[PDB]
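Residue numbers (the entry's author numbering): 29 to 197, 200 to 203, 217 to 259, 270 to 280, 288 to 496.
We put the CB at the ideal spot given by N, CA and C, even for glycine.
Here's the structure, in structure tokens; my notes come after.
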Ligand code: HEM
Ligand SMILES: CC(C)(C)OC(=O)N[C@@H](CS[C@H](Cc1ccccc1)C(=O)NCCc1cccnc1)Cc1ccccc1
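Shown next, in the form of structure tokens:
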């Protein structure tokens with residue numbers, strides 16, 4: 029089984045018995061992907077253990093995979109376990125079951141459901157300020173992910189359920220998952236053991252805490278179809301997904317943006333200037349004033365080009381296909397190396413520099429949406445994209461209407477990415493905060 033790509037004529041690095049190419053992850057997914065993209069061109073293959081993985085980078089082939097042939101051939105992501113009752117979570121679910129959850133949960137993030145959440149988000153930003161005004165009136169460097177995650181947790185639990193809890197001081203969220224991929228034949232062993240990559244105690248906290256809400270929103274819109289069709293432990297699982305997403309991703313990106321705003325002071329001023337012009341007198345941001353702000357959008361986009369928190373997009377090939385003139389056999393994992401495409405010199409001038417002018421309306425048309433895919437694409441892209449962009453931007457507006465951000469002696473400059481598996485910084489993001 030380590031001969032597949034040698035036979036297909038697809039180039040790629042030579043695998044070791046059993047491990048495949050996984051020793052190559054010692055420097056991280058993204059470095060390996062960049063290295064392959066440059067050694068091998070537009071297409072290559074490698075092996076996670078015994079699992080063949082075909083990397084593609086052609087914009088047309090990517091659109092075919094994410095969009096043109098999604099329902100028919102590339103419907104699911106790579107199996108990932110042991111998951112337990114979380115198998116029914118939307119982003120883990122497969123084929124017809126995912127289809128049903130997608131259709132069931134899509135009405136949560138409309139322009140009209142988002143627009144109802146702006147008045148309610150508007151409270152925790154003010155908490156976020158006062159929490160920050162304290163750690164500022166005392167010239168003590170601030171950990172952004174702590175105070176951002178605090179605010180993120182606040183918005184999520186209320187956007188979907190209705191629970192309000194000053195997020196300060200709950201909040202429960217590469218050593219072993221390694222063995223999953225040399226030993227994925229061990230996943231079904233672990234499922235029959237109830238063994239879970241979510242420690243059985245974090246989920247047991249909510250295997251009742253959702254039943255405990257309450258009862259007598271995302272939570273609302275689910276019961277209406279609970280009363288085919290719908291369930292309830294399946295309701296707790298969707299909730300856990302949403303609660304992770306809104307906490308960890310929203311807070312992690314906010315921290316990346318503030319780092320870049322701090323290492324590029326002219327961009328921070330330019331942004332504070334735009335916010336005060338749309339929102340004079342520190343006017344409260346509304347749903348519409350957020351979408352009005354173009355440089356805020358450019359800043360956000362440009363951070364997600366540098367720090368795309370998914371790193372790779374993946375789809376299981378569920379049957380033989382010949383896409384854009386190339387044969388792909390059943391079972392291959394097809395992979396888009398997003399981090400690499402975001403930093404590819406053959407699309408982006410000076411790709412390591414934080415330059416938000418790449419996304420000006422003057423320039424944003426030179427940007428292939430199948431190269432720059434921070435939220436995915438096609439029927440299976442990020443279901444929370446608009447809620448996420450809006451959530452962050454309201455945090456940013458409120459925050460920058462009050463404070464500026466400078467580097468500190470301990471600010472890691474330049475910021476190293478974690479060689480681990482998740483797009484995080486090695487050292488946490490600390491910066492000096494000053495009150496306008
Ligand atoms: C800046 C924040 C976020 C980013 C960059 C992001 C990005 C992504 C990406 C790249 C995917 C995979 C798409 C694909 O494979 O084509 C995804 C999937 C998903 N995201 Fe997010 N996301 C963010 C925040 C959120 C939030 C706040 C939610 C809240 C519900 C959310 C819910 C989901 C779900 C449910 C999926 C699975 C979609 C499916 O399998 O049908 N995401 N996200
Ligand atoms: C750990 C590793 C990076 C190797 O592979 C995973 O990423 N595996 C997840 C399985 S689930 C799903 C998948 C996903 C999401 C975004 C991009 C690519 C793949 C998911 O939407 N997750 C919920 C929150 C979220 C995160 C990012 C963007 N949008 C939403 C990790 C996971 C498992 C169980 C609970 C929470 C997270």
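Item, Value
"Distance, residue 389 Cα to residue 80 Cα", "10 Å"
"Same chain, Cβ closer than 7 Å to residue 440, neighbours up to 5 away in sequence not counted", "98"
"Supposed close pair residue 490, residue 471 - CB separation, criterion 8 Å", "6 Å"
"DSSP three-state assignment for residue 76, whether helix, strand or coil", "strand"
"Where residue 325 sits in the DSSP three-state scheme", "helix"
"Residue 375 - partner residues in DSSP beta bridges", "394"
"Near ligand 2: residue 243 beta-carbon under 8 Å from a heavy atom", "no"
"Buried or exposed (CB count within 10 angstroms, at least 16 for buried), residue 417", "exposed"
"Alpha-carbon to alpha-carbon, residue 57 and residue 226", "19 Å"
"Extent of the continuous beta strand (DSSP E) run through residue 386", "386-388"
"Residues of its chain near residue 279, where Cβ-Cβ distance is below 8 Å and the 5 sequence neighbours each way are ignored", "292 and 295"
"The region 135-148 / the region 442-458 touching (three or more Cβ pairs under 8 Å)", "yes"
"Opposing strand residues paired with residue 132 [DSSP bridges]", "Residue 132 pairs with nothing; no bridge assigned."
"At least 3 beta-carbon pairs within less than 8 Å: the region 361-368 vs the region 70-90", "no"
"Selected residue, minimal CA-CA separation from residue 359, among 413, 393 and 234", "413"
"Same chain, Cβ closer than 6 Å to residue 105, five either side skipped, listed in chain order", "374"
"Buried versus exposed, by CB contacts within 10 Å (16 or more), residue 340", "exposed"
"Beta strand (DSSP E) segment containing residue 415, residue limits", "Unbroken run through residue 415: none, as it is neither H nor E."
"Secondary structure of residue 117, DSSP reduced to three states", "coil"
"Cβ neighbours of residue 221 in the same chain (closer than 8 Å, five flanking residues each side left out)", "50"
"Check: residue 373 C-beta below 8 Å from any heavy atom of ligand 2", "yes"
"Straight-line Cα distance separating residue 333 from residue 371", "32 Å"
"Backbone secondary structure at residue 170 - three-state DSSP", "strand"
"Contacts around residue 120, its chain only, beta-carbon distance under 8 Å, and the 5 residues preceding and following it disregarded", "105, 108, 111 and 114"
"Nonlocal neighbours in the same chain, by C-beta distance under 6 Å from residue 155, ignoring five residues either side", "none"
"Close beta carbons around residue 467, own chain, < 8 Å, minus the five adjacent residues each side", "322, 323, 473, 491 and 492"
"Spatial distance of residue 163 from residue 319 (CA atoms)", "17 Å"
"Where the beta strand (DSSP E) containing residue 362 begins and where it ends", "Where residue 362 is concerned, there is no enclosing beta strand (DSSP E), although the alpha helix (DSSP H) it sits in stretches over 354-366."
"Exposed unless 16 or more other CB atoms sit within 10 angstroms - verdict on residue 196", "exposed"
"Whole-angstrom C-beta distance between residue 330 and residue 103, which should lie under 8 Å", "Wrong, their Cβ atoms sit about 43 Å apart, outside the cutoff."
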